[PDB]
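Asks: give me the fold of what follows.
(2 chains)
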Number of protein chains: 2
Amino acid sequence: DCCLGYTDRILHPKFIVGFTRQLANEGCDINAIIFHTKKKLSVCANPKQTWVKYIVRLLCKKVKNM
Amino acid sequence: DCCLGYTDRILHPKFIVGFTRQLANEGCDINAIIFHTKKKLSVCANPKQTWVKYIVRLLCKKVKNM
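Replies: Numbering: from 1, shown residues only, chains lettered A, B, ... in the order given. Find the structure here:
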């Protein structure tokens, strides 16, 4: 399914284990960052919000150093 | 469940839309990168492999530019 909107609350990175990018294309109507969480509830997030880019950067830096 | 090992099949970047990190101090025996695909299938991968780290960089750079 597609994100149709974005979460209204910052999600703490200690609960976040990954992300999936949703692109505006034939599949979905909007762009989104989908955060995957420890409790297996995925959370749609606004790619323009700074906290979203920051958490993505954090995840990316961790994998680089694994 | 936990990734108990790593795939040795091809990881085609065109079909990969996201990842999750599995860490060996969060309950599982080993670290893993779990790639998520458009078909909503997930694959366990070796976080130390250069190709794995490159797919993650691709996902991370795509997000940066969103």
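Asks: so what's the backbone phi/psi at the closest residue to chain B within chain A?
Replies: Minimum separation of chain A from chain B (C-beta to the nearest C-beta) falls at residue A:20, amounting to 2.8 Å. Where you see a C-beta, it was placed from the backbone N, CA and C, and this is true even at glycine. As for residue A:20, its main-chain torsions (degrees, to the nearest 10) stand at phi -130, psi 140.
Asks: return the distance of the closest residue to it other than its chain neighbours relative to residue B:25.
Replies: In this structure, residue A:20 finds its nearest non-sequential neighbour in residue B:18, 2.8 Å apart by C-beta to C-beta, 6 or more residues apart in numbering or on different chains. Residue B:18 is 22 Å from residue B:25, where distance means C-beta to C-beta, to the nearest Å.
Asks: neighbour count winner among the two?
Replies: Using other C-beta atoms under 10 Å in any protein chain shown as the criterion, residue B:18 and residue B:25 rank with residue B:18 on top: 23 against 6.
Asks: beta partners of residue A:37?
Replies: Beta bridges link residue A:37 to residue A:16 when assigned by DSSP bridges.
Asks: count the residues that sit near it.
Replies: Neighbours of residue A:37 under the rule other C-beta under 10 Å: 15.
Asks: who in chain A is up against chain B?
Replies: Residues of chain A lying near chain B by C-beta under 8 Å from any C-beta of the partner chain: A:17-22, A:31, A:33-34, A:36, A:38, A:47-48, A:53, A:56-57, A:59-60, A:62-64, A:66.
Asks: thanks a lot, see you next time.
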